[PDB]
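Quick notes on the structure that follows.
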Amino acid sequence: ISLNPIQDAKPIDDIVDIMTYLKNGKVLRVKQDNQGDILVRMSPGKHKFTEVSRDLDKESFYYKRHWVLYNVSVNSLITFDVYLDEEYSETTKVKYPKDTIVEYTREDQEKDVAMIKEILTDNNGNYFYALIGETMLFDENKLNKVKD
Amino acid sequence: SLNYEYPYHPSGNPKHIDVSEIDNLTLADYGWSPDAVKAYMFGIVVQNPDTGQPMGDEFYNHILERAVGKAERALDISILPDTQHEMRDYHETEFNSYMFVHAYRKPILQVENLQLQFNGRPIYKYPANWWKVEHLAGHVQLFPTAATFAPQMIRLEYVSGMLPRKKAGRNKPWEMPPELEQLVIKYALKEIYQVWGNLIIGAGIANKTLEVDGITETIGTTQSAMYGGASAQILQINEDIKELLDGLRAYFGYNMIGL
Amino acid sequence: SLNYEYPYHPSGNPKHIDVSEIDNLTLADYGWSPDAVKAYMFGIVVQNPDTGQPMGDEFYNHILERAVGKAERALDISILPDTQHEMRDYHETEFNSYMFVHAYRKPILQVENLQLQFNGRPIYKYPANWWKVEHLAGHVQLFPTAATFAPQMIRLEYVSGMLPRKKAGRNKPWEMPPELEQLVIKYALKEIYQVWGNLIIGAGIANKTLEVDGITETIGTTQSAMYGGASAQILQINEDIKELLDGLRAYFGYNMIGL
Amino acid sequence: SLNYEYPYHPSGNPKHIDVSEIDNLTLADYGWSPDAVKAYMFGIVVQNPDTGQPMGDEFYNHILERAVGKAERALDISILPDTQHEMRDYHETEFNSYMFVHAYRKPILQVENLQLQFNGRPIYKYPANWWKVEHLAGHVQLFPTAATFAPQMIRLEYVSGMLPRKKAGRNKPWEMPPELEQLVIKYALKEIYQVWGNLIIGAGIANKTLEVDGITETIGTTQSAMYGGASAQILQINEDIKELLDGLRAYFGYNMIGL
Amino acid sequence: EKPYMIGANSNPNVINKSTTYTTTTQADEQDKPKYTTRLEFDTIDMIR
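Protein chains in written order, with the authors' numbering: chain S, 5 to 152; chain b, 16 to 161, 190 to 302; chain a, 16 to 161, 190 to 302; chain b', 16 to 161, 190 to 302; chain A, 2 to 49. A prime marks a further copy of an entry chain.
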C-alpha cells in the first residue's frame with residue numbers, strides 16, 4: 005500500500021558531461037542565483053549556437069517553448085548548479101532531500117542526526133524517510149533540519 | 016437511357032460528394048487556417064508579456080473549431096459534410112403531400128437511402144428515380160411514376204454539409220457561401236481579442252508615468268475601469284457581425300412547422 | 016434476422032455506451048482540464064501576493080465542476096452520462112398516444128428497461144423491438160407489433204447525458220456540441236476573474252503615486268468605487284455567454300406539457 | 016417475494032438514509048467548511064488593522080449556518096436532513112384523488128408512517144406497499160391493492204433533506220445539487236465582504252497623501268461617499284446570484300394550491 | 002469520478018523570515034525581459 009521510491013534530480017558538477025549533453029542537444033536547466041531559473045539549449049541544424057528559454061515547464065502539445073539566442077558563459081555553468089530538464093520537476097520538492105543530514109528523535113528520547121539515504125511516497129503523497137542504522141521509515145513532522 | 020450509380024439520379028438528386036472524401040475534407044480546405052486569423056490581425060502579434068512566447072497554431076484551431084460550431088447553431092445549419100442516419104415519424108397530412116419530409120439538418124448534398132419499415136424489416140423501398148430533393152431547404156419529396192400518425196415509420200440517410208466553393212464570387216446553393224468563411228473568422232477574432240486585450244500593459248493598468256532623474260515616461264491605454272482593452276474592437280466586431288448575420292438569415296429564411 | 020443485446024435494438028434505440036464505461040468517463044475526457052482555462056488566460060498568471068504559491072488544479076477542477084453544474088441548470092439538460100431509475104404516472108391521453116413519455120433528463124443515450132407494474136410485481140414487460148426513442152428530445156414511444192389517471196404505474200430505466208465528440212467540428216444529436224464545453228469554460232472564467240481581479244495591486248487601491256529621492260512613479264488601476272478591476276472581462280464574458288446561450292437554447296427548444 | 020424493512024418498500028419509497036445518521040451529517044459533509052470560503056478569497060486575508068488577529072473559523076461557521084438558512088427560505092426547501100412529524104387536514108377533492116398530499120417541506124427522502132386517526136387512536140394504518148412518493152416534489156399518493192373537509196385527520200412522518208452528492212457532476216433528485224453548495228457559499232461571501240470592506244484603510248477614508256521632507260506617499264481607495272469599499276465585489280456577487288438563483292427555481296418550479 | 006472538494010490547508014507557519022540579499026558574483030547572467038510598448042519621438046516631425 006504505497007508508491008515506489010522517487011529519484012531526486014541529480015545536480016551535474018563535471019563541466020565535461022554538461023558540454024557533452026549540450027552537444028548531444030539534450031536540454032539543460034540552469035538555476036541562476038540572481039534572476040531565477042532558465043533553460044539552455046543548442047540550436048539544431050548547421051548554424052550552431054546556444055539558445056535560452058524562460059518557458060519554464062515541460063514541453064507539451066498545448067505549450068511549446070520559445071528559444072532566444074544567447075551567449076551563455078562557461079563561468080555561469082560552473083558556478084551555478086545545472087540539471088537535466090528531463091528530471092528536474094515539481095513532482096517532488098521534498099523538504100529534506102536525499103543525502104541531507106537531519107535530526108530525528110529516537111525512542112530513547114535522545115536526538116540523533118542521520119543522513120537520508122532513501123525517500124519514497126505513498127497514496128496520500130506523504131514523504132517516507134529512510135535513515136541509516138534504522139529500518140522504520142520516519143515522517144515529515146517527526147524530523148528536523150540543522151543548518152550551519 | 017441514362018448512366019448513374021443507383022442511389023444517385025442526375026435529375027432530382029445528382030451526386031455531389033464521394034462518401035470517402037467526407038473524412039478527408041477539413042477546416043483547411045475551407046480556408047479556416049490560423050494564418051487567416053493572423054492576416055486579419057496584420058501588424059499585431061499575440062505574445063506573452065513576461066516571456067517571448069507567442070500562442071501556437073493549436074489554440075487557433077481549437078478556437079476556430081468553436082467558431083464554426085457557434086455559427087452552425089446561430090444559423091440552424093450543418094456546415095461541414097457529414098453522413099446522417101435519420102428516423103422520422105408518419106404524419107398523414109404531409110405524407111399525402113407527395114411524402115414531404117423536412118430534414119433536421121441542412122443543406123442536403125445528396126440522399127442515399129429512403130425506406131419505409133415496420134419493425135426493422137423494409138416493407139417498401141422506393142425506386143431511386145422516384146424521390147427528389149430540395150438541396151438548400153432540405154425538402155425531400157416523392158413523385159411516383161409507372190390513428191392519424193405513427194412513430195419512426197420511415198428511414199432516411201443523407202449527407203449534410205457544404206462543399207468548398209470552386210470559383211470566385213459565386214456559389215451554388217449546395218456550396219459554401221463566402222460569408223460563412225468571414226463570419227466564422229469574425230467569431231474567432233472575438234475570442235482572440237478577448238485574450239490579447241489583457242496583454243497590452245501589465246495587468247489591469249490604465250494610466251502610468253515614470254519620472255527618473257528628470258527623465259519622464261507616460262502612457263494612458265484603452266484600458267479603463269468600465270471598458271476593456273480590446274473592447275473598442277469587440278464592439279466594432281459586433282456591429283460587423285450584426286450586419287453580416289442578419290443579411291445571411293435572409294438567404295436561408297424562417298422555419299415553419301404545421302400543427 | 017438480426018443480432019443484438021436484448022435491451023438494445025439497432026432500429027429505434029441503438030446501443031451507444033457500455034454501462035461500465037459510464038464510471039470511466041470524466042471531465043478531462045470532455046476537455047474540461049485546467050489547461051484549457053489557462054490557455055484562455057494565456058499571458059495572465061495568478062498568484063498569492065504574500066507567497067510564491069499559484070492556485071493548484073484542485074481549485075480549477077472544483078470551479079469547473081460547479082460551472083458544468085450551472086450550465087446544466089441553464090438549460091434543462093443532463094450533461095454527463097448518468098443512469099436514471101424513473102417512476103412515471105399513467106395519464107390516459109398520452110398512454111393512448113402510443114404510450115408517449117417525456118423523460119425528466121435528456122438526452123437519452125439508450126433505454127434498458129420499460130415495464131408496467133402494479134405493486135412491485137411486473138404486470139407486463141414490453142418486447143425490446145416494440146419501444147422506440149427520440150434521443151435529443153427524450154421522447155419514448157411504443158409501437159406494438161405481432190378514473191383518468193393513476194400514479195407510478197410504469198417503471199423506466201435509461202442512461203442520460205452526452206458522449207464526447209468523436210469527429211472534428213461535428214456532433215450527433217446524442218453527442219456533445221463543442222460550445223457546451225466552451226460555455227462551461229466561460230462560466231469557470233467568470234469565477235476566476237472574480238478572483239484574479241482582486242490581486243493585481245494590494246487590495247482596494249485605485250490610484251497611487253510614490254516619490255522618493257528624485258525618482259517618482261504613478262499608477263492608475265482599473266479598480267474603482269463603481270467597478271472592480273476585472274469588471275471589464277466579466278462584462279464581456281456575459282455578452283458572449285448571452286449570445287452563446289440564447290443560440291444554444293434554439294437547439295433544444297421550449298418545453299411543453301399538456302393540461 | 017421481496018426483502019425490506021417494513022416501512023420502506025424498494026418500489027415507491029426506497030430507503031435512502033438511516034435515521035441515526037441524520038444527527039451525524041453536518042455542514043462539513045457538504046463541503047461548507049471555512050476553508051471553502053477562504054479558497055474563493057484566495058490571496059485575501061481578513062485581519063484586524065490595529066492588531067494582527069485574523070477572524071476565526073467560528074465566525075465562518077456562524078455565517079455559513081445563516082447562509083444555508085437564508086437559502087432554505089429563498090427557495091422553499093428543507094436542505095439538511097431532518098425528521099418531521101406532520102399533521103394534515105382532510106380535503107375531499109384531493110382525498111378522492113388517490114389521497115394526494117403535498118408535504119410542507121421538500122424533498123422527501125423517505126416516508127416512515129402514514130396513518131389516519133380520529134381522536135389520537137389510529138382508525139386505519141395503511142400497508143407500506145400501498146403508498147408511493149414523489150421525492151423532489153414531495154407528493155405523497157396512495158394506490159390501494161388487494190362537511191366537505193375536516194381538520195388534522197391524517198398523520199404523516201417523513202425525512203426532509205438532501206444527501207451529499209456521491210459522484211461528480213451528477214445528482215439524483217433526492218441528492219444535493221452542486222449549485223446549492225456554490226449559492227450558499229456566495230451568500231456567505233456577501234457577509235464576509237461586508238465585514239472586510241471596512242478594513243481596507245483606516246475608517247471611512249477615501250483619499251490620502253503624506254508629504255514628509257520631500258518624501259511623498261499617496262493612496263486613493265475604492266471607498267467613496269456613495270460607494271462602499273467592497274461594494275464592487277458585492278455588486279458582482281449580486282449579478283452572479285441572480286443568474287444562479289433564477290436558473291435553480293426552474294429546477295423546483297412554481298407552487299400551486301387548489302381553492 | 003469522486004467530486005472535487007477543496008479540503009484542508011497545507012501551508013505551515015514560518016517565523017522570523019529574513020530578507021533576501023542579491024549575491025555578488027563575477028559570473029554572467031541573463032536579464033529577464035518584459036515585452037511591451039515603446040515610446041519614441043517623431044523625428045520626421047522634429048525636422049519639420
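A virtual CB, placed ideally from N, CA and C, is assigned to each residue, including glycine.
- In the DSSP assignment, residue 52/b' falls within the alpha helix (DSSP H) that extends over 49-55.
- DSSP places residue 22/S inside the alpha helix (DSSP H), whose first and last residues are 19-28.
- When C-alpha distances from residue 122/b are compared across 94/b, 57/b and 266/b, the shortest belongs to 94/b.
- Here the C-alpha atom of residue 23/b' lies approximately 17 Å from the C-alpha atom of residue 133/a.
- Residues of chain A with a Cβ closer than 8 Å to the Cβ of residue 254/b do not exist; the shortest Cβ-Cβ separation is about 14 Å.
- Put simply, the backbone Cα of residue 263/a is about 10 Å away from that of residue 262/b'.
- Counting C-beta pairs closer than 8 Å gives three or more between the stretch 276-287 of chain b' and the stretch 229-240 of chain b', which meets the contact rule.
- Under the three-state reduction of DSSP, residue 194/b' is assigned to strand.
- By the CB criterion at 8 Å, residue 221/b' and residue 81/a fall inside the cutoff.
- The DSSP-derived three-state label of residue 295/b' is helix.
- In this structure, residue 211/b' sits near residue 5/A, with a CB-CB distance shorter than 8 Å.
- Taking 8 Å as the cut-off, the beta carbon of residue 192/b' is found no closer than this to the beta carbon of residue 101/b'.
- When beta bridges are read from the DSSP output, residue 97/b' appears opposite 203/b'.
- Between residue 59/b' and residue 241/a, the CB-CB gap stays under 8 Å.
- In the DSSP assignment, residue 208/b forms no beta bridge with any residue.
- Using a Cβ-Cβ cut-off of 8 Å, residue 5/A is close to 211 of chain b', given in chain order.
- Proximity of residue 72/S to chain b, defined by a Cβ-Cβ separation below 8 Å, is satisfied.
- For residue 134/S, same chain residues with a beta-carbon under 6 Å away, outside a window of 5 residues either side, are 121, 122 and 141 in chain order.
- For residue 146/a, the uninterrupted beta strand (DSSP E) run begins and ends at 146-148, by DSSP.
- With a threshold of 8 Å between beta carbons, residue 12/A makes no contact with chain b'.
- Of all residues in the stretch 51-74 of chain a, those with a C-beta nearer than 9 Å to a C-beta of chain b are 51, 54, 55, 56, 57, 58, 59 and 60, reading in chain order.
- When secondary structure is reduced to three states using DSSP, residue 243/b' falls in the coil class, being assigned neither helix nor strand.
- The three-state reading of DSSP puts residue 98/S in coil, since its state is none of H, G, I, E or B.
- Runs of the alpha helix (DSSP H) lying entirely within the stretch 106-146 of chain S and spanning at least 4 residues: none are present.
- CA-CA distance, residue 37/A to residue 9/A, rounds to 40 Å.
- Membership of residue 72/b in any beta strand (DSSP E) is not indicated; the residue belongs instead to the alpha helix (DSSP H) covering 72-89.
- In the three-state DSSP reduction, residue 139/b' falls in the strand class (E or B).
- DSSP places residue 269/a in no alpha helix (DSSP H); its state is neither H nor E.
- Following the DSSP letters along the chain, one finds residue 82/S inside the alpha helix (DSSP H) bounded by residues 78-83.
- The three-state reading of DSSP puts residue 102/a in strand, counting E and B together.
- The beta-carbon of residue 237/a is placed no less than 8 Å from the nearest beta-carbon of chain b.
- For residue 44/A, the enclosing alpha helix (DSSP H) starts and ends at 44-48.
- Taken atom to atom, the span from the alpha-carbon of residue 146/a to that of residue 207/a is near 26 Å.
- Straight-line measurement puts the Cα of residue 86/b' at about 48 Å from the Cα of residue 42/b.
- Taking 8 Å as the cut-off, the Cβ atoms of residue 40/b and residue 96/b count as close.
- From the beta-carbon of residue 59/S, the residues of chain b found nearer than 8 Å are 66 and 68.
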